[PDB]
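S.K.: Test case, fold it:
(chains A, B and C)
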Amino acid sequence: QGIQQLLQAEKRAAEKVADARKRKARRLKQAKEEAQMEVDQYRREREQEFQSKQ
Amino acid sequence: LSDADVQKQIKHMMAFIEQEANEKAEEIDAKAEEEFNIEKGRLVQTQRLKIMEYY
Amino acid sequence: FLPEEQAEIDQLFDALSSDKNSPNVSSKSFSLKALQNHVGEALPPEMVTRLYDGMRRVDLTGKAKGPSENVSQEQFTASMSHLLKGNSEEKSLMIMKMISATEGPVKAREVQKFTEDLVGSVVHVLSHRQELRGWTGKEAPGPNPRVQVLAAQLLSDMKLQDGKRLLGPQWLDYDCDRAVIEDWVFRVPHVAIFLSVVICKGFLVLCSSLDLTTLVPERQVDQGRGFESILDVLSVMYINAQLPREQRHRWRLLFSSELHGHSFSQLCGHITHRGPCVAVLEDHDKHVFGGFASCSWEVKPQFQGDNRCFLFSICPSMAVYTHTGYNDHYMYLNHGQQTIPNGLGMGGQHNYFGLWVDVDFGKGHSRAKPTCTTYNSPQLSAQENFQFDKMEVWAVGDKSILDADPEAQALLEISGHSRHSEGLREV
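M.R.: Numbering: from 1, shown residues only, chains lettered A, B, ... in the order given. Please see the structure below:
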């Protein structure tokens, strides 16, 4: 039917945002570890400071 | 003749305006990537000003 | 045609076919030597030849193998019946039958050459007819770089039938038939507008029901100050297209860095409370960008503005980014606080704007790294944090504290505190 099957299109509708909020709660701590990969950018100044000392 | 009119009307909402609740859903993924870059800036611009000032 | 217009369309052909320098011709027809005569210096040479070979390949009867060698009134009135009043199935017909001497789909490399053959000529007819209204954007010796980057913007709406846009060096070799150019003249209004000013301004048909007040705005600067702008005339004919229609006629000067100092306190004093205005600035790497504010600028911490504010781009590329409604963080203006940022900002959020001008004037950022949030707009500048020297704020459409209180200057002198400046300030 229609009103027997409209919520069957709405449960699939509401189950597309819960993965959009679970990916949003992941993307915060997804690359905060790669926001510690700027402590790999500290290397290129240190060997360069070892290069100005060289 | 009668079912050919009621098969169109169950496409009025099912894939046309209920599909846009799925289109309004996956553009919080444009809003969550902007928050991710704030913390990516907020942790670089508090430490890259520190671990480069040492050198 | 109306008989007001049917009068002066034959009054152009009757004076043409009576040429004296071309000898083997009759009274009913002209030849191509006199069509490059009355235009004079109002059109470039690369278009007056296409003025010939776009009108000559009309088929009127239906039997001939191609174009006729003498253009008659039947072959003239029908082509303005295709262009000046015709429909989309008729309009791009005289686009494609101007390109190749053979019929067929015209290739995607040589529609680009025609697109840079048209927009270099609208600035030739409008300057020779003296309708610039002050907007004389200086031509570069060599090619004008704003003719080039404007012409490829129109070809971005060129939707081939595949659904995939023109990308990479395979963008030159598309068999673009009448199937695919006929929505392009439907989607892009300016390729329909610019043909009505290259033809109907040198030919001087005064009965034309166009509007030239709303195509090119009027530059209103105060006199006495020799002032050149950042934006030349093809750029101010680009930004003027995406404004509301009600405001497109007059662009008044509000702030400019080479006349009113290089200060943010002058910027915030000249553009506050002056209605909707277009801020446009150019950094060190020749990247012109900016944005438009829909309401007045007002100094307050809150995010002000509504959905008509947009960001654009001119000199790297020409594109316009309207609102997306994810957030209403539209405009921003703060003037000397310490917990929230001090400057001008549009898009994004606090410290993550899509366009930001700081109080330490000549600096800013467009930190929309993937895109922006309010405007779906990219990183505008070349770097992440640019530096600029020229800024303009243009409105669209339409004493001091030292002399304020005479009791406080009486109490300051009584309390022992000096003046530090007599004979240094005026009165």
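S.K.: In chain B, what residue spans correspond to helices?
M.R.: B:3-9, B:20-23, B:31-44 (DSSP state H).
S.K.: got these as TSV, with mean neighbour count and distance to chain A columns?
M.R.: Just so you know, the C-beta spots here come from the backbone N, C-alpha and C atoms, and that holds for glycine as well. As requested, the helices of chain B are exported to TSV (neighbours: other Cβ atoms under 10 Å in any protein chain shown; distance: least, Cβ to the nearest Cβ, whole Å):
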stretch	mean neighbour count	distance to chain A
helix B:3-9	8	8
helix B:20-23	13	4
helix B:31-44	16	4
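S.K.: Looking at these, spot the one closest to residue C:205.
M.R.: Evaluated with Cβ to Cβ, these place helix B:20-23 nearest to residue C:205, the distance being 47.9 Å.
S.K.: Give me the most central residue, chain A.
M.R.: Nearest to the mean C-alpha position of chain A, counting by Cα atoms, centre = their mean, stands residue A:27 at 2.2 Å.
S.K.: and that one, what does it touch?
M.R.: B:32-33, B:35-36 (Cβ atoms under 8 Å, 6 or more residues apart in numbering or on different chains).
S.K.: among the residues you listed, which are within reach of chain C?
M.R.: Filtering the contacts of residue A:27 for proximity to chain C by Cβ under 8 Å from any Cβ of the partner chain leaves residue B:33.
S.K.: Go through the contacts of residue A:27 and name the one nearest chain C.
M.R.: residue B:33 (5.7 Å; Cβ to the nearest Cβ).
S.K.: Name the nearest residue to the closest one, sequence neighbours excluded.
M.R.: Closest residue in space to residue B:33, ignoring its immediate chain neighbours: residue C:370 at 5.7 Å, by Cβ to Cβ, 6 or more residues apart in numbering or on different chains.
S.K.: right, and that neighbour touches residue B:31 too?
M.R.: No - using Cβ atoms under 8 Å as the test, residue C:370 is too far from residue B:31 to be in contact (11.3 Å).
S.K.: how about CSV for the contacts of residue A:27, with distance to residue C:141 added?
M.R.: As requested, those are exported to CSV (distance: Cβ to Cβ, whole Å):
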residue, distance to residue C:141
B:32, 50
B:33, 45
B:35, 49
B:36, 48
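S.K.: Go through the contacts of residue A:27 and name the one nearest residue C:280.
M.R.: Checking the contacts of residue A:27 against residue C:280 with Cβ to Cβ, the nearest one is residue B:33 at 28.1 Å.
S.K.: what's near enough to touch residue C:17?
M.R.: Counting by Cβ under 8 Å, 6+ apart, residue C:17 touches C:25-30.
S.K.: swap the cut-off to 7 Å and go again
M.R.: C:27-30 (Cβ atoms under 7 Å, 6 or more residues apart in numbering or on different chains).
S.K.: show me what contacts the nearest residue to residue C:334 once chain neighbours are set aside?
M.R.: Once flanking residues are discounted, residue C:334 sits nearest to residue C:342: 5.1 Å by Cβ to Cβ, 6+ apart. For residue C:342, the contact set (Cβ under 7 Å, 6+ apart) comprises C:334-336, C:359.
S.K.: what's the answer for residue C:371, then?
M.R.: C:377-378.
S.K.: let's see it at 8 Å
M.R.: So residue C:371 contacts B:30, C:377-378 (Cβ under 8 Å, 6+ apart).
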